[PDB]
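In: Need a 3D model of the sequence below.
(chains A and B)
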Amino acid sequence: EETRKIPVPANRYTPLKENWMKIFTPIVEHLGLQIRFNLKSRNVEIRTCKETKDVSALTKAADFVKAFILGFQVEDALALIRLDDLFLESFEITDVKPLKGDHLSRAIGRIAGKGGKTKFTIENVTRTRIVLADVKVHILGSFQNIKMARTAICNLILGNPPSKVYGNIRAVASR
RNA sequence: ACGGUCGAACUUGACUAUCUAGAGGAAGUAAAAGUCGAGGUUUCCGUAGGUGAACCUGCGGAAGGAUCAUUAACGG
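Out: Residues are numbered from 1 along each chain as shown, chains lettered A, B, ... in the order given. Please find the structure below.
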């Protein structure tokens, strides 16, 4: 029997409560694993049973709930379940340029854009998903889509205006 | 006429300022269609370098630049 454990932070506990149903129903029904929430250590516990085939889904199942730990929505984690080549790439905003204080918050605002729209646009361009943590940035998609969204984000935090990045990312999407 | 006093004014030098005569020199403008062969587009500030400027680059600073989403406890 193979076992997976994934830690949950404190701020991810309440969303884990309100989205638990749509977390275990994709696992036990059409994927067939054993789920529980280890409440003492605050871990997510994955085990095999006698009803397991296609063992790789096991690993996929782990990444499933790991996406929900990182801040992603439930349906995007289902997209990790359904598809076979869908990856996570993560980097800090300061890992590409040293920004301190208000400049770092302004870089966050340039990634997000007013109303979120800029960030929103990049998903409709790149068929990825993006989580903006406190300093971290997480990208969910295929490898070329990850590369394209990562380049768009890095240019957004170089100092390039979000309008220019909007136009050029609409242009580069057509290849 | 000796002397004293007040003292214009004169001569010579310095320091000044003006008026005039000036060879010569360096600029601009008009006449010469004679001759030879850019680029930036986030914006800056203080420094130092890259050929003066321009722009680029190293360090430090600014916004006078477009914040979406989760987010007390519910283990000890």
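In: For chain A, list the residue farthest from the centre, please.
Out: Distance to the chain centre peaks in chain A at residue A:50, reaching 30.7 Å (criterion: CA atoms, centre = their mean).
In: what about that residue, which helix or strand?
Out: Residue A:50 belongs to no helix or strand when elements are defined using DSSP states H and E.
In: for chain A, what spans make up the strands?
Out: With DSSP state E as the definition, chain A shows strands at residue ranges A:3-7, A:34-38, A:43-47, A:87-92, A:129-132, A:136-141.
In: Out of the ones you listed, flag the one nearest RNA strand B.
Out: Comparing the strands of chain A against RNA strand B with CB to the nearest atom of the strand, the closest turns out to be strand A:129-132 (3.3 Å). Backbone N, C-alpha and C define where each C-beta goes, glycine included.
In: And the closest one, what does it pack against?
Out: Using 3 or more CB pairs under 8 Å, 6 or more residues apart in numbering; DSSP states H and E as the contact criterion, the neighbours of strand A:129-132 among helices and strands are helix A:102-112, helix A:117-126, strand A:136-141.
In: contacting residues around the closest residue in space to residue A:86 that isn't next to it in sequence?
Out: Across the structure, with CB to CB, 6 or more residues apart in numbering as the measure, the residue nearest residue A:86 apart from its sequence neighbours is residue A:80 (5.3 Å). Remark: with contacts taken as CB atoms under 8 Å, 6 or more residues apart in numbering, residue A:80 is in contact with A:60, A:63, A:64, A:67, A:86, A:140.
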